[PDB]
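Notes follow the structure.
These numbers come from the heavy atoms of this one structure, side chains and all, not from hydrogens, waters or symmetry mates. In what follows, chains are A, B, ... by sequence order, proteins preceding strands, each numbered from 1. Just follow the structure's listing: the first ligand is 1, and inside any ligand the first atom is 1.
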Amino acid sequence: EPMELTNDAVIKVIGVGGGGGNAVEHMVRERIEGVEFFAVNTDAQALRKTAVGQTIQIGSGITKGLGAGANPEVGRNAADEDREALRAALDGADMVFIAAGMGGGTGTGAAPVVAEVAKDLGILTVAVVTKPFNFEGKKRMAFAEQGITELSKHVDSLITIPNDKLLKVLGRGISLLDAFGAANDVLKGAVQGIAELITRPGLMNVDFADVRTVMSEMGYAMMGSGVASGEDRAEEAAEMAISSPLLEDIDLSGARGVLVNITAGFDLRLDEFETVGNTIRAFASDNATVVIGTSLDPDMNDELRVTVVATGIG
Amino acid sequence: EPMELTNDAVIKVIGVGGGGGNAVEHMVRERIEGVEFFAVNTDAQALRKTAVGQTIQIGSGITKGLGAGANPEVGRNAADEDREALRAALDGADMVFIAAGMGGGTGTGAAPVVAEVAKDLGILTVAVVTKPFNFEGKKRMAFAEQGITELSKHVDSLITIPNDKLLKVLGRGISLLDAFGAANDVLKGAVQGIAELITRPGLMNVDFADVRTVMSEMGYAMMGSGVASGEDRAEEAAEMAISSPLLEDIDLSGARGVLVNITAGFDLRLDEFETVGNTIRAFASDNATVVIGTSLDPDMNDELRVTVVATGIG
Amino acid sequence: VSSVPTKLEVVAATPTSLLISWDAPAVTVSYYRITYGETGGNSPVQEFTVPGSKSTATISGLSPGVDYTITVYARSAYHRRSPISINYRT
Amino acid sequence: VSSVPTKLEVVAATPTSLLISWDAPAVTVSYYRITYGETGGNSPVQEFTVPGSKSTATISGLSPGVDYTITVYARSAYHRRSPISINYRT
Amino acid sequence: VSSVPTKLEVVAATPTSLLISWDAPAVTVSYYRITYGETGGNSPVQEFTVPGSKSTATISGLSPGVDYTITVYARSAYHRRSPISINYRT
Amino acid sequence: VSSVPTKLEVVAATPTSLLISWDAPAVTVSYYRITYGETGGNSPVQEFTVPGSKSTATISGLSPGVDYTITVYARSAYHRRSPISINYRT
Amino acid sequence: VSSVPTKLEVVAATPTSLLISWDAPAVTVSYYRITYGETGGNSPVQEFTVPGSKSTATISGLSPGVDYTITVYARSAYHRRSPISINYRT
Ligand SMILES: Nc1nc2c(ncn2[C@@H]2O[C@H](COP(=O)(O)OP(=O)(O)O)[C@@H](O)[C@H]2O)c(=O)[nH]1
Ligand SMILES: Nc1nc2c(ncn2[C@@H]2O[C@H](COP(=O)(O)OP(=O)(O)O)[C@@H](O)[C@H]2O)c(=O)[nH]1
């Protein structure tokens, strides 16, 4: 107990379902720093193939290790019967990221249960879930909507990333493997943009309390990002982040809290910090809680990345 | 018992009779993945020649190892007296494929008994049986019809593949060895099309529960497949699968469940998945349970295979 | 012998099965109770019954290279004689 | 056995979890109380309850290479039978 | 043979082309997939399909004195048989 | 490959220049960051950016007979994938 | 235990400090009296009080490699229970 007050922030990322497990395996391969990774799945074979290091097989007495199918209720019952393993894995963390692909059985039904356990443990719970493409039918979309509505009741923030928004930036005649790799990259980008403010901060930094200020009991959230280089990198990156397709569904002036991550190298300037902050606060609302910090990437030169998370959209 | 919940799906294929044993030996040679193969025959010499790895000699006290002849009753009595060996071989499986050639003595009479044992063990039982050619006489056809009627009472799904439908695609002046090799290939194709959704799934996958949803307590089933390449591969393959000669005996709009397997390489696209699903759901009925998954063949490039199983025809 | 059946023969029908044969009884037997399992093994034996008109029984699912013990009980309404047991090493 | 449940099986579902299985009871059990912890360890054991209709329980957060002791209590309104305990070395 | 097609013949129609011939199939083939490239070469192979009613295929743009490997796939709705491969040195 | 871009080609357009080519990306790239310099040289590398709609880049002022290392970064708002590096000896 | 507090934990927050933790009391405590000093040392111990709503206390100015003894008194208007003492070697 005394050591829990004198340690670094513990951040856990749990992927629920096949899509969530694939996304978390991608995050493991791409080496997010200062984060522990878990995969939770009903299908034992898929779990045995996932290279995430620590795996939990839920619903072993309901699905026999053969998957929950396309039924969210079976996934919910599978997660309901193994709340002890979920509690044991989640315990000891300050922030938890729940990555899942809404629409299936395991992820859609089991993400709310993991979220409920994490919140009842007093953990800052951020759900980073996607919606299926329109190419996947209407049943998957209805399941995803129901699962998102259920999940919003047990999370602090819920970042929704519609896959249909990714179609605008995907190459023509692209295989679904590459499209879902892009979706994995977007989920990893959201997790990294929120977590690297804590794990690898810059000189102008924010602490876990600042993050919890805008990520706690907020509800629905959206995420957008932008990059730029040259002399006008700050303004271009900020405007590109505000005008992200993953943010166009909402109005930034209605959000109850904005979290901004500026990733750069050793050449960020004070006026660039000021202009990014001014752009965000100009396109936000007057009474919104705005938290702006910087992260450090040693391999960025003359370039600047800006990530914006808008919370409390409702 | 605890390990039975944390293991891969166990799929067993049992060939009953001489034709079934030949088909299962063909499947062994062609290397279906993640499947265990058995041959059950009254003739001990034929069993000694079958290279399937695990063999069971039924009726050793009624036929003395000399075969049951062309009498289905003798085959039924031969299988009835060795229900313990059948139970011991079948036990421990999630799905069982019973491959046989209807018309003879051993297969026609013994496939229903193996099916009854498998169902009483609580196993998903799929019977993939053929009917004899019209070149084989009327007695074989009557025996086959009686055996199929008897077998339909103890199976979850019964896929009937009439050999007369194969005559439309067989070369002119073809020896019966090549015709029955084609029949073996068709039986292996049915087994592989149902089992590779589980054994080697794609990125858009279905689990054993999804398969059991459309393959359980359904009754009669039919199977059709198609291939295509180029830009229009998905629509062409789907339309060719719907218009298969092995499916023309029924109407796809009367089936109570449709199982679709899309086999492709690493270049399947989302719109292709959507258009195959849309074609199948357009030519099916509104309230039919449609399950669509993908399988992976690394050696397929720019080409696409679609397998359709229609269940609950009645 | 004092045990019914008096004779017991086991033959490997297939590399993973066994054929079991016993002599005909002098008194009608209603059914035969066969209990097979690994010799000196902690796992419970497997049991099944064949009708008394039969004289052979086939057991499957046998792991090669493992000793097996087979016992046959002859259950009749007219006696309570002892069973006969045999050992077979696959 | 005199203890309910009479049989207890443990299987490592994942390299950091355990699956626990017990036999069905002859008398209805309202819930099962499972207490797991390091064998001969000073730290207090972890405890949780599953409903009595269940037959399996999964425990997570287990350090590999460390011995564990698992005890299952069958709590019914119709008996007060002893628990059953097992030792598993991860 | 176990591979469809079973026979494969290659003839140099012109000093910079090859004519490829295979036997007729016992079962209807929808199309043939031919993949040709330098034998043991890092460059990706070239691929094209001919309809299944055909029995010959001509490939052009071949550098003389360079080994080539040709593989033919017979794609039918009724089997998934292996392809057949041949080596030709121009 | 895990690095965007996945393919990188370099051609000497003139005896004192190099043409650099990479494959099209699956996800929109805003700009490409190219860093070229002498391989294993103490001098700082030269850097420039081309827009993401481009697929080629020309670098000049290259001394013949000197090794060069070229690295391309694909900067997109939707990923942070690794760069790809190539070595060319003029 | 008979002493309030019943549990006492010490952790080295920094190489020259210690973090002290005790369990919550069953009865309201007005303040805690902590007395720390070198174990078996002639020098007088250092003393300070924290309010009873707290559960942790940090002590600084600690020489590494020197044993320390820490005693916590729970002063309440409703009991006069004994203190608890711990030994920590820096
Ligand atoms: N990011 C990502 N999303 C996926 C992947 N596979 C599937 N999805 C999405 O996740 C949703 C749920 O599918 P899936 O997770 O496989 O089903 P489940 O395992 O039963 O929960 C689908 O609608 C897909 O849109 C993947 O590999 N990566
Ligand atoms: N697929 C396939 N079917 C066969 C083969 N041989 C026979 N059949 C068919 O199976 C039916 C039953 O014959 P068979 O299995 O040999 O008789 P049984 O062994 O006494 O059951 C016949 O009507 C044939 O049409 C074979 O090698 N392969």
For [atom], closest protein heavy-atom neighbour:
| atom | result |
| --- | --- |
| atom 15 (O) of ligand 1 | A:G19 N, 2.8 Å |
| atom 11 (C) of ligand 1 | A:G101 O, 3.5 Å |
| atom 19 (O) of ligand 1 | A:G18 N, 2.8 Å |
| atom 3 (N) of ligand 1 | A:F180 CD2, 3.7 Å |
| atom 1 (N) of ligand 1 | A:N184 OD1, 2.5 Å |

**Report entry** Nitrogen or oxygen atoms of A:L187 and ligand 1 under 3.5 Å apart
**Finding:**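 No, since none of the N or O atoms of A:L187 sits under 3.5 Å from an N or O of ligand 1.
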Report task. Give yes or no for whether the N/O distance cutoff of 3.5 Å, strictly under, is met between A:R140 and ligand 1. Result -> yes
Query raised in the report: Can you list the atoms of ligand 2 that are under 4.0 Å from a heavy atom of B:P132?
Result: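 Per the distance check, 23 (O), 25 (O).
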Pairing of [X] and [Y] as salt bridge, 4.0 angstrom limit:
| X | Y | value |
| --- | --- | --- |
| E:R80 | B:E196 | yes |
| B:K49 | B:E25 | no |
| A:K165 | A:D249 | yes |
| F:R81 | A:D185 | yes |
| B:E73 | B:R76 | no |

Given [options], identify the one with the heavy atom nearest to [atom].
| atom | options | value |
| --- | --- | --- |
| atom 17 (O) of ligand 1 | A:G107, A:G104, B:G202 | A:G104 |
| atom 18 (P) of ligand 2 | B:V186, B:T42, B:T106, B:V129 | B:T106 |
| atom 27 (O) of ligand 1 | B:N205, A:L166, A:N22 | A:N22 |

How far does [atom1] of [X] sit from [atom2] of [Y], to the nearest 0.5 angstrom?
| X | Y | atom1 | atom2 | result |
| --- | --- | --- | --- | --- |
| A:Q146 | A:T149 | CD | OG1 | 7.5 Å |
| B:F208 | B:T213 | CZ | OG1 | 9.5 Å |
| B:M222 | B:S244 | CE | OG | 8.5 Å |
| B:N41 | B:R48 | CG | CZ | 11.0 Å |

Query raised in the report: Is any N or O atom of B:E136, backbone or side chain, closer than 3.5 Å to an N or O atom of ligand 2?
Result: yes
Query raised in the report: Any N/O of B:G20 closer than 3.5 Å to an N/O of ligand 2?
Result: no
Query - B:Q45, CD atom: more than 12 neighbouring heavy atoms under 6.0 Å - result: no
Requested in this report: Would you confirm whether the ring centroid of A:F180 sits within less than 6.0 angstrom of the ring centroid of A:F133?
Outcome: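 Under 6.0 Å, so yes.
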So, does [X] sit close enough to ligand 1 that a heavy atom of it is under 4.0 Å from the ligand?
| X | answer |
| --- | --- |
| A:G109 | no |
| A:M102 | yes |
| A:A68 | no |

Would you mind listing which atoms of ligand 1 come within a distance below 4.0 Å of any non-hydrogen atom of [X]?
| X | result |
| --- | --- |
| B:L203 | 27 (O) |
| A:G69 | 20 (O) |
| A:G17 | 19 (O), 21 (O) |
| A:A183 | 1 (N) |

